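J.: Could you have a look at this structure, given as structure tokens, before my questions?
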4 protein chains.
Amino acid sequence: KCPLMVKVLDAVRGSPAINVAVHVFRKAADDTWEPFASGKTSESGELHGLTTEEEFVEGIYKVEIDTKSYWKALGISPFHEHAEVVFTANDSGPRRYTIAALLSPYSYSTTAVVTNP
Amino acid sequence: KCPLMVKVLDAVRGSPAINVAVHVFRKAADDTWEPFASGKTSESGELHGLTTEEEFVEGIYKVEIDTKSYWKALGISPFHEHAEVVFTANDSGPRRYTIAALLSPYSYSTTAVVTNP
Amino acid sequence: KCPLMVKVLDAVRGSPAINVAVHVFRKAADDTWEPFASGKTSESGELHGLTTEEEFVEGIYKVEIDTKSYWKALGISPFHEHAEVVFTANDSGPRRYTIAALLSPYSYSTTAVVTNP
Amino acid sequence: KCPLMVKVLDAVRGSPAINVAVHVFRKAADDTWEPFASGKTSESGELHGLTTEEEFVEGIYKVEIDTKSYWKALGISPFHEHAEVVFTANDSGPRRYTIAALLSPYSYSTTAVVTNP
Ligand SMILES: O=C(O)CON=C1c2ccccc2-c2ccccc21
Ligand SMILES: O=C(O)CON=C1c2ccccc2-c2ccccc21
């Protein structure tokens, strides 16, 4: 949406990774992971609309990209259960975050692009 | 060294990532993460001797590489709290699991190299 | 533009890589590299308008991303002279190609996203 | 093994990339690429003994990893012709150069690990 976007690419096919489930959690006061938002990537491999400026407060967030479910639906047995992307957000004020992930059956890469709006 | 090894490289300095704390967890029947093994990477960026064949049974494992503290010790501002690598140990495949992680302040990749002696 | 786009990210700063020079070559009949197109990445780290559907014929192309010039302008001494991305294009008909590159001082990654228009 | 080593991993199969042809060139005074050294990766994905301290003088070097043929031998359709790694050898820094390449059909990364004995 505005504050948090996720974009996933498939390194085997050289294509957007479509229909990839994404779960976002936020660390609570008791140090447990509270469900914060979720969704799926579109045809373009992008997931917009996860949250709002209002809801996306300071905190430690975990973005779980369900890579195994993605590869299995393509008849592939991958190594990882999911990608995890854990980071502190907005601790110097609001930012826009794009979490990019590149997927291969035994590997993935991830990159944060952080903009000041 | 044997069943499980972790190797970490620093993409900013073109070096092994030395003295990086690494924690391994095993998923418990109640879906909590139980501490399993840990250590710090060597001068060569490697962490050997985390577990044994006997101890390393099939199951879901999480490897956390404490990248934020690594970068902070170098006076470099990082994005991630840590790199996570989550996977299922399988007895069908090759016997050796090497988790390799390539670190940048706002990006990391990880690959699993699964081999036989 | 339409047929060939280049997008570059900075893994140290978690930002688009701005003002990155890009040179594209095409292998000639005599197996030498003919200059084909060039440009620079914009504020968004993207380079559009390199070529047209008419000019972008079948062939072997080389996309040179001038990473050393990029890092030097930021006071950094990197390892690589430039990224090279060499590939056969349009050998099964016209496609759209996006060449993505992620830059660190001692490392880079690249990924092709290929669409059928 | 000594001054220059090349190591290659397969991100699709989670293995060393075996029997991969690797060519090293040195830039000549007329900006042509002169063949310098070559070989094929071992069972461990490594290529040692390319050059000697005596032979490996300062200059610009290009390492070409013949990835297209690697993937074709596995019946996997690749994007790149080859992976290129271009850099300047420097006597000021550490004495050992390890070029590591992580391969996917439509993506590759490469990092330089520059160390001392
Ligand atoms: O994830 C990584 O760090 C590797 O690069 N991934 C990129 C990615 C993923 C999804 C959408 C766009 C990208 C992208 C764009 C430019 C450079 C690198 C990347
Ligand atoms: O981390 C990744 O998956 C990217 O590649 N990483 C490699 C790595 C990390 C630590 C130690 C050795 C490596 C390595 C060796 C050859 C090819 C790729 C890689």
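Residues are referred to by chain and number: the chain letter is A, B, ... according to the order shown in the structure tokens, the number counts from 1 in that chain, and ligands are numbered separately from 1 in the order shown.
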What are the coordinates of chain A as a short mmCIF file (atom, residue, chain, number, x, y, z; two decimals) with N, CA and C atoms, in the first residue's frame following a least-squares fit to chain C on all in-order C-alpha atoms?
T.:
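Final output, saved to selection31.cif:
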data_model
loop_
_atom_site.label_atom_id
_atom_site.label_comp_id
_atom_site.auth_asym_id
_atom_site.auth_seq_id
_atom_site.Cartn_x
_atom_site.Cartn_y
_atom_site.Cartn_z
N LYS A 1 12.25 1.23 -21.26
CA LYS A 1 11.16 1.67 -22.12
C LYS A 1 10.13 0.56 -22.19
N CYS A 2 10.01 -0.09 -23.34
CA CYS A 2 9.18 -1.27 -23.41
C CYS A 2 10.07 -2.50 -23.40
N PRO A 3 10.99 -2.62 -24.34
CA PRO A 3 11.60 -3.93 -24.51
C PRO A 3 12.71 -4.24 -23.50
N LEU A 4 13.43 -3.22 -23.04
CA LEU A 4 14.58 -3.44 -22.15
C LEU A 4 14.67 -2.38 -21.07
N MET A 5 14.53 -2.80 -19.81
CA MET A 5 14.62 -1.88 -18.67
C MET A 5 15.67 -2.40 -17.70
N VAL A 6 16.36 -1.47 -17.04
CA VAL A 6 17.38 -1.82 -16.06
C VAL A 6 17.04 -1.14 -14.73
N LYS A 7 17.04 -1.90 -13.64
CA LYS A 7 16.74 -1.35 -12.32
C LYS A 7 17.81 -1.79 -11.33
N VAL A 8 18.36 -0.83 -10.60
CA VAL A 8 19.51 -1.06 -9.75
C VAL A 8 19.22 -0.60 -8.33
N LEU A 9 19.54 -1.44 -7.36
CA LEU A 9 19.36 -1.11 -5.95
C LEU A 9 20.70 -1.12 -5.22
N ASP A 10 20.80 -0.31 -4.17
CA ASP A 10 21.99 -0.22 -3.33
C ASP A 10 21.73 -1.02 -2.03
N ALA A 11 22.48 -2.11 -1.81
CA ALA A 11 22.29 -2.98 -0.64
C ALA A 11 22.91 -2.46 0.66
N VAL A 12 23.72 -1.40 0.57
CA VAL A 12 24.32 -0.77 1.73
C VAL A 12 23.36 0.25 2.31
N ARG A 13 22.69 0.98 1.43
CA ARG A 13 21.84 2.07 1.88
C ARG A 13 20.35 1.70 1.85
N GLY A 14 20.00 0.60 1.20
CA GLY A 14 18.60 0.19 1.11
C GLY A 14 17.82 1.20 0.31
N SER A 15 18.36 1.54 -0.85
CA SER A 15 17.87 2.65 -1.65
C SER A 15 18.03 2.34 -3.13
N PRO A 16 17.28 3.05 -3.98
CA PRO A 16 17.60 2.96 -5.41
C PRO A 16 19.04 3.38 -5.63
N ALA A 17 19.70 2.81 -6.63
CA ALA A 17 21.05 3.27 -6.95
C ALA A 17 20.89 4.28 -8.07
N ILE A 18 21.11 5.55 -7.73
CA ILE A 18 20.84 6.68 -8.62
C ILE A 18 22.07 7.04 -9.46
N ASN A 19 21.83 7.52 -10.68
CA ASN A 19 22.90 8.00 -11.56
C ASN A 19 23.93 6.93 -11.92
N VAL A 20 23.47 5.69 -12.05
CA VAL A 20 24.33 4.60 -12.45
C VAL A 20 24.41 4.50 -13.96
N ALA A 21 25.62 4.61 -14.50
CA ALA A 21 25.79 4.50 -15.94
C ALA A 21 25.61 3.06 -16.39
N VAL A 22 24.90 2.90 -17.50
CA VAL A 22 24.66 1.61 -18.12
C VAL A 22 24.99 1.64 -19.62
N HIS A 23 25.83 0.71 -20.06
CA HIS A 23 26.13 0.57 -21.49
C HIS A 23 25.66 -0.79 -22.01
N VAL A 24 24.92 -0.78 -23.12
CA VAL A 24 24.45 -2.03 -23.72
C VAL A 24 25.21 -2.25 -25.01
N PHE A 25 25.72 -3.47 -25.20
CA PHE A 25 26.37 -3.86 -26.45
C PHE A 25 25.65 -5.05 -27.07
N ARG A 26 25.85 -5.23 -28.38
CA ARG A 26 25.28 -6.34 -29.12
C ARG A 26 26.40 -7.00 -29.92
N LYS A 27 26.49 -8.32 -29.83
CA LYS A 27 27.52 -9.06 -30.55
C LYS A 27 27.29 -8.96 -32.06
N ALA A 28 28.31 -8.49 -32.78
CA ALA A 28 28.21 -8.34 -34.23
C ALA A 28 28.55 -9.64 -34.94
N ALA A 29 28.39 -9.65 -36.26
CA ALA A 29 28.83 -10.78 -37.07
C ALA A 29 30.33 -11.01 -36.90
N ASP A 30 31.03 -10.30 -36.72
CA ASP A 30 32.45 -10.58 -36.55
C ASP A 30 32.83 -10.90 -35.09
N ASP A 31 31.82 -11.12 -34.25
CA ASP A 31 31.99 -11.54 -32.85
C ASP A 31 32.60 -10.44 -31.97
N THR A 32 32.56 -9.20 -32.43
CA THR A 32 32.93 -8.06 -31.58
C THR A 32 31.69 -7.44 -30.94
N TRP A 33 31.89 -6.66 -29.89
CA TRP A 33 30.79 -6.02 -29.18
C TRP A 33 30.47 -4.62 -29.70
N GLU A 34 29.40 -4.51 -30.49
CA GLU A 34 28.95 -3.22 -31.01
C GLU A 34 28.13 -2.46 -29.97
N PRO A 35 28.47 -1.18 -29.77
CA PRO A 35 27.67 -0.30 -28.92
C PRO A 35 26.22 -0.27 -29.42
N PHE A 36 25.27 -0.50 -28.52
CA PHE A 36 23.87 -0.61 -28.90
C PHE A 36 23.02 0.49 -28.28
N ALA A 37 23.23 0.76 -26.99
CA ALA A 37 22.48 1.81 -26.32
C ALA A 37 23.15 2.09 -24.97
N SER A 38 22.88 3.26 -24.42
CA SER A 38 23.34 3.57 -23.06
C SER A 38 22.46 4.62 -22.38
N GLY A 39 22.67 4.78 -21.08
CA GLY A 39 21.90 5.73 -20.31
C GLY A 39 22.33 5.68 -18.84
N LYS A 40 21.55 6.35 -18.00
CA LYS A 40 21.79 6.38 -16.55
C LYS A 40 20.50 6.11 -15.80
N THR A 41 20.61 5.49 -14.63
CA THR A 41 19.43 5.28 -13.80
C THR A 41 18.94 6.61 -13.22
N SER A 42 17.64 6.67 -13.03
CA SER A 42 16.99 7.84 -12.50
C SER A 42 16.97 7.80 -10.98
N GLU A 43 16.22 8.74 -10.41
CA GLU A 43 15.99 8.84 -8.98
C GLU A 43 15.42 7.56 -8.38
N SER A 44 14.67 6.82 -9.20
CA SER A 44 14.01 5.60 -8.76
C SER A 44 14.89 4.38 -8.97
N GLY A 45 16.09 4.62 -9.48
CA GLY A 45 17.04 3.56 -9.77
C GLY A 45 16.73 2.83 -11.07
N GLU A 46 15.83 3.39 -11.87
CA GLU A 46 15.38 2.73 -13.09
C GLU A 46 15.89 3.41 -14.35
N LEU A 47 16.12 2.63 -15.39
CA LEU A 47 16.56 3.18 -16.66
C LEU A 47 15.61 2.66 -17.71
N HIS A 48 14.79 3.57 -18.22
CA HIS A 48 13.84 3.29 -19.30
C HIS A 48 14.32 3.98 -20.57
N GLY A 49 13.77 3.57 -21.71
CA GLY A 49 14.06 4.24 -22.97
C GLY A 49 15.34 3.87 -23.66
N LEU A 50 15.96 2.76 -23.25
CA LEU A 50 17.21 2.36 -23.86
C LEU A 50 17.05 2.05 -25.34
N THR A 51 15.96 1.38 -25.68
CA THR A 51 15.77 0.95 -27.06
C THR A 51 14.30 0.91 -27.46
N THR A 52 14.05 0.43 -28.68
CA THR A 52 12.71 0.29 -29.21
C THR A 52 12.49 -1.14 -29.67
N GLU A 53 11.23 -1.52 -29.84
CA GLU A 53 10.92 -2.82 -30.41
C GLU A 53 11.60 -3.00 -31.77
N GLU A 54 11.65 -1.94 -32.57
CA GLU A 54 12.29 -2.03 -33.88
C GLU A 54 13.78 -2.34 -33.79
N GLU A 55 14.50 -1.59 -32.96
CA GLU A 55 15.95 -1.74 -32.87
C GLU A 55 16.36 -3.01 -32.12
N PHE A 56 15.54 -3.44 -31.17
CA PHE A 56 15.94 -4.55 -30.28
C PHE A 56 15.69 -5.91 -30.92
N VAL A 57 16.52 -6.26 -31.88
CA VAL A 57 16.33 -7.49 -32.65
C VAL A 57 16.94 -8.67 -31.90
N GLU A 58 16.76 -9.88 -32.44
CA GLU A 58 17.50 -11.03 -31.95
C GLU A 58 18.98 -10.71 -31.82
N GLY A 59 19.62 -11.29 -30.82
CA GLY A 59 21.06 -11.19 -30.75
C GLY A 59 21.56 -11.51 -29.37
N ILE A 60 22.88 -11.47 -29.22
CA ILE A 60 23.47 -11.62 -27.90
C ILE A 60 23.84 -10.24 -27.43
N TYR A 61 23.33 -9.91 -26.26
CA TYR A 61 23.47 -8.58 -25.70
C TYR A 61 24.29 -8.62 -24.44
N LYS A 62 25.02 -7.55 -24.20
CA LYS A 62 25.78 -7.37 -22.96
C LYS A 62 25.40 -6.07 -22.28
N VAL A 63 24.89 -6.16 -21.06
CA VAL A 63 24.51 -4.98 -20.30
C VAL A 63 25.58 -4.77 -19.25
N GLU A 64 26.32 -3.68 -19.42
CA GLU A 64 27.40 -3.30 -18.51
C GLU A 64 26.92 -2.22 -17.56
N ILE A 65 26.91 -2.55 -16.28
CA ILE A 65 26.47 -1.59 -15.27
C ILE A 65 27.70 -1.09 -14.58
N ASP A 66 27.92 0.21 -14.63
CA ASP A 66 29.20 0.75 -14.20
C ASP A 66 29.23 0.95 -12.68
N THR A 67 29.30 -0.18 -11.98
CA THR A 67 29.25 -0.17 -10.53
C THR A 67 30.45 0.51 -9.85
N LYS A 68 31.66 0.37 -10.40
CA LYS A 68 32.81 1.00 -9.76
C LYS A 68 32.67 2.52 -9.76
N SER A 69 32.24 3.07 -10.94
CA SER A 69 32.04 4.51 -11.03
C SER A 69 30.98 4.97 -10.02
N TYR A 70 30.01 4.11 -9.74
CA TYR A 70 28.94 4.42 -8.78
C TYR A 70 29.48 4.50 -7.36
N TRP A 71 30.22 3.47 -6.95
CA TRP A 71 30.74 3.43 -5.60
C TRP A 71 31.81 4.52 -5.34
N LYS A 72 32.65 4.77 -6.34
CA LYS A 72 33.70 5.79 -6.23
C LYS A 72 33.10 7.18 -6.00
N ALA A 73 31.99 7.47 -6.68
CA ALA A 73 31.31 8.76 -6.53
C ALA A 73 30.73 8.90 -5.11
N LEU A 74 30.62 7.78 -4.41
CA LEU A 74 30.17 7.75 -3.02
C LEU A 74 31.34 7.54 -2.04
N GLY A 75 32.56 7.78 -2.52
CA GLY A 75 33.75 7.64 -1.69
C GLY A 75 34.11 6.22 -1.27
N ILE A 76 33.61 5.24 -2.01
CA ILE A 76 33.83 3.83 -1.70
C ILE A 76 34.70 3.15 -2.78
N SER A 77 35.67 2.35 -2.34
CA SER A 77 36.52 1.56 -3.23
C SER A 77 35.99 0.14 -3.35
N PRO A 78 35.31 -0.16 -4.46
CA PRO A 78 34.69 -1.48 -4.59
C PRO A 78 35.61 -2.49 -5.26
N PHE A 79 35.18 -3.75 -5.28
CA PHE A 79 35.97 -4.81 -5.90
C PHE A 79 35.79 -4.87 -7.41
N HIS A 80 34.54 -4.85 -7.86
CA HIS A 80 34.27 -5.08 -9.29
C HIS A 80 34.41 -3.82 -10.15
N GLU A 81 34.80 -4.03 -11.41
CA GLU A 81 34.85 -2.92 -12.37
C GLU A 81 33.44 -2.54 -12.77
N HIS A 82 32.64 -3.55 -13.05
CA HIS A 82 31.28 -3.32 -13.46
C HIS A 82 30.60 -4.66 -13.39
N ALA A 83 29.27 -4.64 -13.34
CA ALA A 83 28.52 -5.86 -13.50
C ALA A 83 28.39 -6.12 -14.99
N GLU A 84 28.42 -7.39 -15.37
CA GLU A 84 28.14 -7.75 -16.75
C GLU A 84 26.93 -8.67 -16.77
N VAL A 85 26.03 -8.42 -17.70
CA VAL A 85 24.87 -9.28 -17.85
C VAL A 85 24.73 -9.64 -19.32
N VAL A 86 25.13 -10.87 -19.65
CA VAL A 86 25.20 -11.30 -21.05
C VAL A 86 24.16 -12.36 -21.34
N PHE A 87 23.35 -12.13 -22.37
CA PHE A 87 22.22 -13.00 -22.65
C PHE A 87 21.77 -12.93 -24.10
N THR A 88 21.19 -14.02 -24.58
CA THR A 88 20.55 -14.01 -25.88
C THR A 88 19.15 -13.44 -25.74
N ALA A 89 18.79 -12.51 -26.62
CA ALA A 89 17.47 -11.91 -26.54
C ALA A 89 16.65 -12.21 -27.79
N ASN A 90 15.34 -12.35 -27.56
CA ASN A 90 14.31 -12.44 -28.59
C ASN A 90 14.44 -13.61 -29.55
N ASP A 91 15.09 -14.68 -29.12
CA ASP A 91 15.33 -15.80 -30.02
C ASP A 91 14.08 -16.68 -30.17
N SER A 92 13.05 -16.40 -29.38
CA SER A 92 11.75 -17.04 -29.55
C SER A 92 10.66 -16.01 -29.82
N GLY A 93 11.04 -14.89 -30.44
CA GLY A 93 10.13 -13.77 -30.63
C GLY A 93 10.41 -12.68 -29.62
N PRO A 94 9.79 -11.50 -29.79
CA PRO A 94 9.97 -10.36 -28.89
C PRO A 94 9.55 -10.68 -27.46
N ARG A 95 10.35 -10.23 -26.50
CA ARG A 95 9.97 -10.28 -25.09
C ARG A 95 10.29 -8.94 -24.45
N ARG A 96 9.72 -8.69 -23.28
CA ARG A 96 10.18 -7.57 -22.49
C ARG A 96 11.16 -8.12 -21.47
N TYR A 97 12.29 -7.45 -21.34
CA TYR A 97 13.34 -7.84 -20.39
C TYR A 97 13.56 -6.78 -19.34
N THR A 98 13.49 -7.18 -18.08
CA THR A 98 13.96 -6.30 -17.03
C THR A 98 15.20 -6.92 -16.40
N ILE A 99 16.30 -6.18 -16.42
CA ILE A 99 17.54 -6.62 -15.82
C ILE A 99 17.66 -5.91 -14.48
N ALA A 100 17.53 -6.67 -13.39
CA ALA A 100 17.61 -6.10 -12.06
C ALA A 100 19.00 -6.41 -11.50
N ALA A 101 19.60 -5.44 -10.81
CA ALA A 101 20.91 -5.62 -10.19
C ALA A 101 20.91 -5.06 -8.77
N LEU A 102 21.48 -5.82 -7.84
CA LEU A 102 21.59 -5.39 -6.44
C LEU A 102 23.07 -5.24 -6.11
N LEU A 103 23.47 -4.06 -5.64
CA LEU A 103 24.88 -3.74 -5.49
C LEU A 103 25.40 -3.63 -4.06
N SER A 104 26.54 -4.28 -3.80
CA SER A 104 27.31 -4.10 -2.57
C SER A 104 28.78 -3.91 -2.98
N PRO A 105 29.60 -3.30 -2.11
CA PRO A 105 30.97 -3.02 -2.56
C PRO A 105 31.76 -4.25 -3.00
N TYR A 106 31.55 -5.44 -2.42
CA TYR A 106 32.29 -6.60 -2.86
C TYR A 106 31.41 -7.67 -3.46
N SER A 107 30.20 -7.30 -3.87
CA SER A 107 29.26 -8.32 -4.33
C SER A 107 28.18 -7.67 -5.16
N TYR A 108 27.63 -8.43 -6.09
CA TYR A 108 26.36 -8.02 -6.68
C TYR A 108 25.59 -9.24 -7.15
N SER A 109 24.35 -8.95 -7.24
CA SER A 109 23.42 -9.95 -7.70
C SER A 109 22.65 -9.37 -8.87
N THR A 110 22.19 -10.24 -9.76
CA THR A 110 21.40 -9.79 -10.89
C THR A 110 20.33 -10.82 -11.21
N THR A 111 19.23 -10.34 -11.78
CA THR A 111 18.07 -11.18 -11.99
C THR A 111 17.37 -10.68 -13.24
N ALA A 112 17.01 -11.59 -14.15
CA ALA A 112 16.25 -11.16 -15.32
C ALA A 112 14.80 -11.51 -15.10
N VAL A 113 13.93 -10.55 -15.36
CA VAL A 113 12.49 -10.78 -15.41
C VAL A 113 12.07 -10.64 -16.85
N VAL A 114 11.56 -11.73 -17.41
CA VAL A 114 11.24 -11.79 -18.83
C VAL A 114 9.75 -12.01 -19.01
N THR A 115 9.11 -11.08 -19.69
CA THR A 115 7.67 -11.15 -19.91
C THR A 115 7.37 -11.32 -21.39
N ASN A 116 6.30 -12.04 -21.69
CA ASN A 116 5.77 -12.10 -23.05
C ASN A 116 4.63 -11.11 -23.18
N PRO A 117 4.83 -10.05 -23.99
CA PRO A 117 3.88 -8.94 -24.10
C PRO A 117 2.60 -9.34 -24.82
#
J.: Among chain A, which ones does DSSP place in strand (DSSP E or B), written as a VMD selection string?
T.: chain A and resid 4 to 10 15 to 16 21 to 27 33 to 40 46 to 47 59 to 65 80 to 89 91 93 96 to 104 107 to 115
J.: Mind listing the helix (DSSP H, G or I) residues of segment 38-73 of chain A, per DSSP on the backbone, as a PDB file with N, CA and C atoms, in the first residue's frame?
T.:
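The resulting file, out38.pdb, is reproduced below:
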ATOM      1  N   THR A  67       7.432 -19.462   1.151  1.00  0.00           N
ATOM      2  CA  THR A  67       8.106 -19.986  -0.027  1.00  0.00           C
ATOM      3  C   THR A  67       7.891 -21.484  -0.268  1.00  0.00           C
ATOM      4  N   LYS A  68       7.828 -22.295   0.789  1.00  0.00           N
ATOM      5  CA  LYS A  68       7.643 -23.734   0.571  1.00  0.00           C
ATOM      6  C   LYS A  68       6.291 -24.007  -0.087  1.00  0.00           C
ATOM      7  N   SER A  69       5.230 -23.317   0.434  1.00  0.00           N
ATOM      8  CA  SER A  69       3.898 -23.484  -0.148  1.00  0.00           C
ATOM      9  C   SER A  69       3.902 -23.068  -1.623  1.00  0.00           C
ATOM     10  N   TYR A  70       4.741 -22.091  -1.966  1.00  0.00           N
ATOM     11  CA  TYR A  70       4.855 -21.606  -3.343  1.00  0.00           C
ATOM     12  C   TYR A  70       5.481 -22.653  -4.251  1.00  0.00           C
ATOM     13  N   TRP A  71       6.618 -23.197  -3.830  1.00  0.00           N
ATOM     14  CA  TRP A  71       7.316 -24.176  -4.646  1.00  0.00           C
ATOM     15  C   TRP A  71       6.542 -25.501  -4.774  1.00  0.00           C
ATOM     16  N   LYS A  72       5.897 -25.920  -3.686  1.00  0.00           N
ATOM     17  CA  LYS A  72       5.118 -27.157  -3.676  1.00  0.00           C
ATOM     18  C   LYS A  72       3.962 -27.091  -4.678  1.00  0.00           C
TER      19      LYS A  72
END
